[PDB]
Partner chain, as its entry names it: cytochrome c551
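Shown here is one chain on its own, the form solved without the partner chain, set out as structure tokens.
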């Protein structure tokens, strides 16, 4: 399977929370799958009170888009750092072997680009992130991470080897942010990326985030921007956290089959109320919806979710099933 001789294809990446089209089980043999990504430095609004962040993102989103291949395929990435950026960047893929995950071979300054190829020989969801020498934590907490999903060639399996399949996949990236506050107790605003550095590092050292958000901002996946599904659909929820632990939960649901450490050759666990994604990794859960209504998907440290921002919504269409749950007596006066 020399690589140079296998066929090559090109994927067109989409923005979170969707994932690009792909097949679960494939008949095909190894390919070289080609992708391109641009780093974008930009100032973004992260809450509803106008707080800003001097951010660093892959393709302009938080998280960066999810890339999907099959086990045995070769990933061939072109990383582009445009001249309007001010800093150098690179990429570390946790799914790759050697060279600090690719970081040593992808150091690009503003105005440069580079291309790397690596064999994706282990299946699972894996984090990728920016990692420049001496500036690692700051480039990651500023937004630069995302997920690489490597499917087993024959699709996902339960513990006895039976096939599992999903109808839809969503990708959630969770970000712990360290926004400095001034003498007045109001969040600071910075003219450039470099100006933010000094103060940010000071908040970082306290280990206490100011905000924790899904996909870029408080409320990113709530109300009008809720994820959607229907009764009877099976959804794959991919959740990444490149720096800090989190504990996802679906209020009104469960994780039917969950790979919390995110590595598909291991058997999944079933019926979980709440699962655990270790900082520096991505995990995955399947759930088949049985009841319609609004569901909340969140980090079940409820202060982190409701005070700091780690909460989203899934709106589901269908018909109520009164056997699973039914109101016998609505709220009413106690009997006197």
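Numbering follows the first chain given and starts at 1.
- As listed in the deposited structure, the average C-alpha B-factor of 91 to 99 and of 184 to 192 is greater for 184 to 192.
- The mean Cα B-factor in the deposited entry runs higher for 30 to 38 than for the other of 30 to 38 and 306 to 314.
- Comparing the listed residues 260, 112, 174, 245, the entry records the largest Cα B-factor for 112.
- Ranked by Cα temperature factor within the chain, residue 200 sits in the middle third according to the deposited record.
- Ranked by C-alpha B-factor against the other modelled residues of its chain, residue 71 falls in the middle third.
- Among the modelled residues of its chain, residue 108 has a C-alpha B-factor that falls in the highest third, as given in the PDB entry.
- Remark: residue 43 belongs to the middle third of its chain, ranked by C-alpha B-factor as recorded.
- Residue 250 sits in the lowest third of its chain by CA B factor, as recorded in the PDB entry.
Missing here is the form deposited with the partner chain bound; even so, the following discussion is about that form.
- The partner chain in the deposited complex comes within 4.5 Å of no heavy atom belonging to residue 222.
- For residue 134, a non-hydrogen atom is located within 4.5 Å of the partner chain in the deposited complex, even though that partner is not displayed.
- The partner chain is not shown here, and in the deposited complex it never comes within 4.5 Å of any heavy atom of residue 182.
- Proximity of residue 155 to the partner chain in the deposited complex: non-hydrogen atoms within 4.5 Å are absent; the residue sits far from the partner.
- Counting a residue when any of its non-hydrogen atoms is within 4.5 Å of the partner chain in the deposited complex, the hits in 197 to 224 run 197, 198.
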